[PDB]
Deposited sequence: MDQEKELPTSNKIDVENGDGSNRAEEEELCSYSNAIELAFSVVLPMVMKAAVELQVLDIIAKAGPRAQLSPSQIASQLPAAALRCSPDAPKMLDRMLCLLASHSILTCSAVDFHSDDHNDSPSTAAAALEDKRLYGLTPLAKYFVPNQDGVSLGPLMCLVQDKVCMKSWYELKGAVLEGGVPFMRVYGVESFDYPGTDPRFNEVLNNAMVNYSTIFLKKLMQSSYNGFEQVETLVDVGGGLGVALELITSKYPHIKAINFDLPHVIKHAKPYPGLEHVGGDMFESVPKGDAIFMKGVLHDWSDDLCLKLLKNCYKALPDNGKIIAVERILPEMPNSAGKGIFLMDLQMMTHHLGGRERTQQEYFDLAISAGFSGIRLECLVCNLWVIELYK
């Protein structure tokens, strides 16, 4: 156990300070450092001096050790394969190293459409969401929801009382929706080709149906949402916006689109929503649900699911993530014949529930 006695200690030390890496990376997103490196052409290598000189420096005289701070941050970022670092065959310390973007880091720089996971980070580490984590110990021992134990009101009503958070929560969701939707539309899924009338549940501004009719103009589309949201709807030909409550009735259509709404509710309201869809659908039936499937047993290949599952229980404990068996049980409880997994797109699964 000679190798264990030091490798395990090193891993424990690296785990003790685990919160430092997400704190620095967020800063490197807010400082627009990844953008400056990528604003000089492909295969770019910029020394810390150039990055510190092209920064949006409101103060003309940034302290002379700012290029040292940037170098110390970029060294940590490069140690985790987020950036590539190389030496200079040449002088100050800033002349020694050059940094460049990894394909991992290019997901945070805005893409051609202008969307990136960057704003999804700021939503996760914002103060309002972060203050919920300190009540987890109390929540486990005494029950309840971590968010309610801090702010009293349910998380579905808080954005109506906080201006600043209502912007971050709307930007992050839009960017994350667009990133997945662009690849979904470019994917090989052909389920939309046979759809005549499609109703989107919780479509917001209608971006999803916008893309749907963008590639398939023959599909007549209605965006179903709450009356509180429809007042922000952007008019667009073909699209029709319908306001109402999901749990009471759903507008009739030949197919139902829904993206990540089953994991925002409990195991009882989901049955009611599925039965409402069952009533709305005609004799022919089809539900196209984009979801995420928990593996039955822990494994190293599923980290990205679990890290987000624990995010949901400490923000709205009514909702939770489910495995394939639970989705099948809910579907057969609603009266549907069964479900089918079509394709994996951006770590999300497209599921067809057939009547």
Missing CA stretches, deposited numbering from 1, N-terminus first: 1 to 23, 114 to 126
